[PDB]
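Structure first, then comments.
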Amino acid sequence: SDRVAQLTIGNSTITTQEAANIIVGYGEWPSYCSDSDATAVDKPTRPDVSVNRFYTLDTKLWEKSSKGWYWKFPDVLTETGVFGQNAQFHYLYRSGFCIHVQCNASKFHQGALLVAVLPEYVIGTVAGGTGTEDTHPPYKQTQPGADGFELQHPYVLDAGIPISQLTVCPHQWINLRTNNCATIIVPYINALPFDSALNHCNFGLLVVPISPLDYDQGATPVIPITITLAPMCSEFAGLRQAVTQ
Amino acid sequence: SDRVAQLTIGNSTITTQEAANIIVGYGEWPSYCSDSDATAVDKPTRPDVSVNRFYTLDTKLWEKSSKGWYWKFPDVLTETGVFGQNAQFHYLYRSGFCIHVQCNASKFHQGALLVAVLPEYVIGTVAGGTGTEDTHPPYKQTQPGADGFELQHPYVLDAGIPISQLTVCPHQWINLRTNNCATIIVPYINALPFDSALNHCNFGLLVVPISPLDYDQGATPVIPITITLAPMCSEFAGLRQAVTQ
Amino acid sequence: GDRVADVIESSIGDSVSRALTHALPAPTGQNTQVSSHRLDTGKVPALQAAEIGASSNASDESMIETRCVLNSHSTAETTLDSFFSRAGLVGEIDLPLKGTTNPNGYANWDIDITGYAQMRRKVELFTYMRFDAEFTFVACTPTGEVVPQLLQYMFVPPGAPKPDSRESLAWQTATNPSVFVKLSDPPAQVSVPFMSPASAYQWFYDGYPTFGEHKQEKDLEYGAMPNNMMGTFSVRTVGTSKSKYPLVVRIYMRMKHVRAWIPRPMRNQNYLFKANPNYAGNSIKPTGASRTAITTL
Amino acid sequence: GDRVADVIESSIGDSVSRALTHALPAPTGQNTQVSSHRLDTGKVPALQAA
Amino acid sequence: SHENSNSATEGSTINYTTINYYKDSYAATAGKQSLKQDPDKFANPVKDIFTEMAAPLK
Amino acid sequence: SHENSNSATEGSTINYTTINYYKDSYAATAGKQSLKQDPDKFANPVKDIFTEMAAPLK
């Protein structure tokens, strides 16, 4: 009655029988932009059901040696479905998200993933190793698209900050003996009312194993982690031709 | 609180800790025959507790290759206890039944049995294979008694009808990962108020594996299926000497 | 008088059939209500437990975001009378001149409608059926020709003398009902009431009609329900001399005022014999079409 | 004007950010209340689900 | 009219609307049946009914 | 009478007056239609209507 759940939005429904409640980031639900916070004058388009629905984008395999991965929002969706089209045809975009990370095993497997949302997740580089070279991460590392990207140094989140404190951000854990999914609702976070879905990623989603995956020889060894997410309260403005970047 | 149950009738009690609710056939409970539906004029005998009780009649072994079995009612009981005696001494009989099929395994076994009740289950023969010979099933196949009988062609219920549609009849499933029994209550079904317990079987009970039994070498391989049933609201009339057929 | 408590408090004799369900009027298909997103724990419409024996209770509204739809689609054509009150062929009777079968100018047909698959498959969807019927008799020569010939049809209930010739005394028909009609006239048509000694006809009877040992030789009687045996339909050319023409009488039955109980799986193997569910064991076919793989259309 | 039901009943456009928490005044550290032994079934404060 | 109650449906919980010209009611037309239905009898014949929102087995 | 509303015209803004002897209304005669007309729908479907006396383009 807290372990069981159904998430229905658009023409999509998700079920889980081993949930751990739901986190609503910073304690607030997604909402549309008010007439006082807004600044752009054109009437926005709010496609509703055609874009606020669940999209299943990627599956990673959790191995005994995995380091962890991250995805950037709204980047993961800019090329998918009606949402993508809207993000490409409009200069301005804004929306919240319902993120549902899935991972099931058996009562004989073990391990724990930390699933967190970090706003303005700026990636850093190792500065040539010695720290004398002012290098920058390439586009494919900053905006990895649906495939996501693997962390090189999880302990410092590839940005010189401690993953040990990442729990100060909206998060849940997928501890195999307890649950098989994490659900996080995120409101629109930014210092502007609307922004470009292409040039700016509002937050990053991190899925990192903190207690390594383990099991005895003979138990199913392929343990996938699937990422499903749904935009919420999507709004677009500043219409022109489609642009991919 | 729906998974747990106790059935007490007569001097007999059944318990289960892995139930799946109870089915009441065609939505109605067994009842005695009304003075307006009745036609025979003699005062009936309603033995009550001595005959409306649970009788455990048979145990079959579920094997990875089992085809399924059937029993005929009231035939399965005509030679057992005080019920049998009454059925033999009287021309007329009528009653409902509470059927409880039992089958437990382990959280590591798997398989699913379809347990259904089919009124007027007339058995057909394969017509000499070619379909040119008008053969008929022998008494031992139409009224198999307590031992029941194994289906030759489960797909067509040995009667030229699809088992895929048998769920249009009162039924439950025993899906090992979920429950260990099926309970079905059946009212008296017939186009007459009373009938012969010997010449006419009102319905048949079918127990058929649809998802085959399976388990790894080393797990208990003997998985019995036991049949327990109780007449309900039994009434008899037209008394004379005992007759077995 | 009753004095011991268990007798006073007993339910022995309760004649009222306690019913868990009841009928509601449903002249049209159900409507669709507006629905929105639900992001909840505890509520889980999509998850079911088929083991219970009931069908899923999940509806469109709870699985996707729906609009409002006012459904005025009628449910009238799926009533029992709509489905069954359509005349279909249930019997053919031949009256040839030079023949092996009926060269004597009369014929007796035991009333059994299970000789034709279309009609049979439909009524066998139910176990018990109660109804009235309209019988129509279409007569002509084998080429479909109409000739100036007079016929007599007689209903012979069980126990009445079956005619044994075109000149049988039984054709006096002082009590049985007979119809006299010409082939040149439109098809004869009559109404028949529900005649069984039982409350309903039953297409399936799992039992024997009599007591005794049920030895191999009296196994052809398994499944025989006298309550369904309404008698014989006899027809003759009305004359003392042989008719000049060969005839065929086709019998159509249209049920009306129908009630049915206990639905069952529908026949999926060819029928072979009247009132008997035998099927060809060597030619057991799937219920429907098949394909090469489960991952391909 | 709006006439089809899904439009009338929709929440498209709600500008009010529904908030699950609110601020309370807290000028000092919280106090401690007297407590005693508890020997109970059902009540289990110590057990959590991180 | 003033006929006999011969119809196979006399005493039915649904009323029909028919035409007839004979003294026997079974001679009447099929007419129009009443549109009531009870799916539950076959589709949901459980003793303790469960909701749509609940988990069927608890 | 007491028949079914089967007619192809059930729900028409013009009422008909027909004869029938069957339970299905589509079996009825054609009857008499109602004499309404709306020429403007085809002959004058302009947004801003102009008078007979005026110069159509001003």
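To keep things simple, chains are lettered A, B, C, D, E and F as they appear, and every chain counts its residues starting from 1.
Definition applied: a residue touches a chain if its C-beta (ideal position, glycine included) is under 8 Å from a C-beta of that chain, and two chains touch if they have at least 3 such contacts.
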item: Shortest path length from subunit A to subunit D (each step joins two touching chains); value: 1
item: Relative to subunit E, chain with the most remote C-alpha centre; value: A
item: B-E or C-D - the one linked by more C-beta pairs in contact; value: B-E
item: Centre-of-Cα separation between subunit C and subunit B, whole angstrom; value: 27
item: Cα-centroid distance, subunit A relative to subunit F, in whole angstrom; value: 59
item: Where subunit D and subunit E are represented by their mean Cα positions, the distance between them in whole Å; value: 52
item: Where subunit D touches two or more other chains, by residue; value: 10
item: Multi-partner residues of subunit B (at least 2 other chains); value: 20-21, 23-24, 26-27, 168, 170, 178
item: Subunit F residues counted as touching two or more neighbouring chains; value: 4
item: Subunit D residues within the subunit A interface of the complex; value: 10, 12-21, 49-50
item: Residues of subunit A defined as touching subunit D within the complex; value: 20, 24, 27-29, 31-35, 46, 48, 173, 175, 178, 187
item: Sites on subunit E touched by subunit C in the complex; value: 6-9, 12-13, 16, 22, 24, 26-38, 40-47, 50-57
item: Residue ranges of subunit E in contact with subunit F within the complex; value: 17, 29, 31-32
item: For the subunit C and subunit A complex, residues of the former touching the latter; value: 37-47, 62-65
